[PDB]
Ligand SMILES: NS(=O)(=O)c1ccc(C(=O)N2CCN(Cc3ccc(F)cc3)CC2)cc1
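What follows is one chain in structure tokens, specifically the form deposited without the named molecule.
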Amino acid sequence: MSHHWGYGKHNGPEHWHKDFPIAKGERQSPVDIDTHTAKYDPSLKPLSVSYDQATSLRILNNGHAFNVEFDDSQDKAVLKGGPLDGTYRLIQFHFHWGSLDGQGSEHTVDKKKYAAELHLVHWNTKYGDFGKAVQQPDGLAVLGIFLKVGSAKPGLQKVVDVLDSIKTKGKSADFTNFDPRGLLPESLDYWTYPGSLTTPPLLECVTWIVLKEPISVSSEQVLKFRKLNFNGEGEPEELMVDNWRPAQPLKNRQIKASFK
């Protein structure tokens, strides 16, 4: 039901729903947006992004995606807007990329749909424990930045350069002195909705902040993301693409967008 295609089991995993008792509730997908099904929220205090002090450490490929870890022993990469439930520091981020240039980003706004997206994960520091944040509806906060193909993104070059060295899962690479400022789009608009299974356990600990301004990346850049593998080294070649699940009906998604 409601699953003609699912990332995992071809027509949607049944065992998943029966393995997680919490399936008693309603949530599968992180978000699903419609211009009509989205409610604007007042010009409350914007999201203060302070990651000029962000210190990247390492980049790692773990089968389903490739993550770059930042240090948060101090308030290096900080994100907090007005009324919220904590300060969410940046710990890592990864990119989404669909096999076809007209899919992959997810978070489809009525008719939207992009080939790629940048997903930055922030963790609520006031509980001093990432797993504790996972056990909280507001425990995490993530930034979703759509990627559109066209003009090249000079700031993206850094990660594109190292993609070939993180091709297969299991291997790691040093990735220090990275600045996320080079990833900034033009307009800073966003949607804000708590997301589901965007985490190991089937729960809604994530707060999705999806930017309405997609960044411009070039074909040469996006093509190199398609060079990554799900497999490890010395394993049957598979291309790290899509890695996303179809969006869900009003059966537990209603969108809000807090901006002037």
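From 1 onward, residues are counted along the sequence shown.
Absent from the display: the form solved in complex with the named molecule. The rest refers to it.
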Since exactly one of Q92, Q103, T87, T108 fits, which has a heavy atom within 4.5 Å of the named molecule in the bound PDB entry? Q92
How about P200 - does it come within 4.5 Å of the named molecule in the bound PDB entry, if we only consider non-hydrogen atoms? yes
Using a 4.5 Å heavy atom cut-off, state whether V78 contacts the named molecule in the bound PDB entry. no
Is there a heavy atom of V121 no more than 4.5 Å from a heavy atom of the named molecule in the bound PDB entry? yes
Proximity of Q28 to the named molecule in the bound PDB entry, heavy atoms at 4.5 Å: no
Looking in the bound PDB entry, is the named molecule within 4.5 Å of a heavy atom from each of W5, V142 and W208? yes
